[PDB]
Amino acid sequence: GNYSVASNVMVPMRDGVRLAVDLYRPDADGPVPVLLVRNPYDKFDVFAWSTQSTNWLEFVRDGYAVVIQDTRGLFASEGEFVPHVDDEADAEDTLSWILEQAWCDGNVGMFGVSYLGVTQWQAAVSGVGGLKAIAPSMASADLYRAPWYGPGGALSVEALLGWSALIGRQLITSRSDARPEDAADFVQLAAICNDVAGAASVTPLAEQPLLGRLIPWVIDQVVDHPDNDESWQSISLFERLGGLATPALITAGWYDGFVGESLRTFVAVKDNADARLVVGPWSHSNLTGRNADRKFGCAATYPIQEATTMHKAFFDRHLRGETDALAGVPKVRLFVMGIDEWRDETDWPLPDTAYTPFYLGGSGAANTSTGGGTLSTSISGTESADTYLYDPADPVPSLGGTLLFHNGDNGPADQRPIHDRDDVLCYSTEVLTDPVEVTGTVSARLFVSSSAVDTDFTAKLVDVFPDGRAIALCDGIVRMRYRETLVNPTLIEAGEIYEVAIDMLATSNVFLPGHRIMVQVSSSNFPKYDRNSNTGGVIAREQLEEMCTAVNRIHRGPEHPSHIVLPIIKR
């Protein structure tokens, strides 16, 4: 139950640069199993992130050592900070160092959330033998797909500016001797904090005299590389995940920006080692289970003690050889919305998932919520088309979903404020008499056409409540140039009909009797995603005045059966 803490122990990397760590070590006779956390937001500040993770001091009382490290160039660590690029090598050297210490019994694990989760995948691919398990929570193994861009090839601009500004504020606040221009830089950073959509609204987007100066990576890496090119593959871990045999306790949230990629990591490692999955109804900044228009119940609050118990059982199994430690612990545990209950599963995706087409249709125009758009499991008998004008100067505002910094505390947002927009097409089933469970990956196949040589298409799945609330579930986007590949974009011919796939990530929701299933289709979702210029140019470099409007069209009927693919579960 007793332990000691040593601060600012300097660990040398291969290049001579030393990273700072704190050592939480139990009162032990010999060497102990060790847990490593790699953190860019000050290893000293444990309270800021731990509430979203585990009561990990319990690990130390139970005989684990915990090592928390400032990443390179931040706080007590030497070197220069650039996101992602140094973390593979630094983690590898750090694990090596730990394995050489007298207090390490040769078993090392990791845990942490977000960036503290990503860093675990970056550590795992080094193949270091002593690393026996990781527990990456709300993390990604493909930085392009999350959180900076996405599978649809659009820039997550609110994510980028919100985070960069958080790092900027952090760099200024942590400075030894304050520079004179700090205060001015700060006011700009606080302004971004209070109005991320405003900062994302400037054109050209790539012109960030503030953020591009405080942290040049924001432009040099992210904004300047809209294609999933070599710069991105260089830091991507995902393709190497299949070759690994490292157990992973993976945590995600239905409304968390990383959810798509978190789930994909599980699918990629489950066949080669003991993987575990836990998914709750949380967003990045809200793990209470309470939202403005949607309450998931007290049991949906991030169950920190249950997580602590599970992590410990996980580590006891893999770092201490306790063969029975994970007895009774499910492989997959999901919070199933609608019924609003935790439920254990044997796999993700669920076995007996029926990937079911729900076809777009209806008489008249599907524009707005009072239009005639329908969803049905039967193909629409009549060939029609819905048409709207998308104008970059007036994009569809983001409401909930997987937003990170711009109002990222209200995932299951009521969609009624945007229901009357002409560029928001609505399609919904009739009122349900039997519950319909949708749990798994969600995507849409749309037959589309544009007046422009590039544009976007969005799809959002929505649960319509009897009282009128239209609650967002999951959403996705496709940038048409990237409709076939995120690597080698080609433009489109105006007027030509394309079949495009829209990756809407995932969800778990029972649509109860009395509810409707609704899909919203549009061509913007700002600032969750930057807005397409409709020009085929380099979007982030275009002035707004120089962008074009586009007349976009959704085709539906027997020859163009646009549909959403729902993962139907029937029990």
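All residue numbers refer to positions in the sequence shown, first residue = 1.
- Relative to one another, 220-228 and 140-148 have unequal mean CA B-factors, and 220-228 is the one with the higher figure.
- When the two stretches 96-104 and 202-210 are set side by side, the higher mean Cα temperature factor goes to 202-210.
- The residue among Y115, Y427, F186, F111 whose C-alpha atom has the highest B-factor in the PDB entry is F186.
- In this entry, the residue among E542, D45, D70, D503 with the greatest C-alpha B factor is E542.
- Sort the chain's modelled residues by C-alpha temperature factor and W163 lands in the middle third, per the entry.
- Among the modelled residues of its chain, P40 has a C-alpha B-factor that falls in the lowest third, as given in the PDB entry.
- Among the modelled residues of the chain, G536 sits in the highest third by CA temperature factor in this PDB entry.
- Among the modelled residues of its chain, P33 has a C-alpha B-factor that falls in the middle third, as given in the PDB entry.
- Annotation for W282: C-alpha temperature factor in the lowest third relative to the rest of the modelled chain, per the entry.
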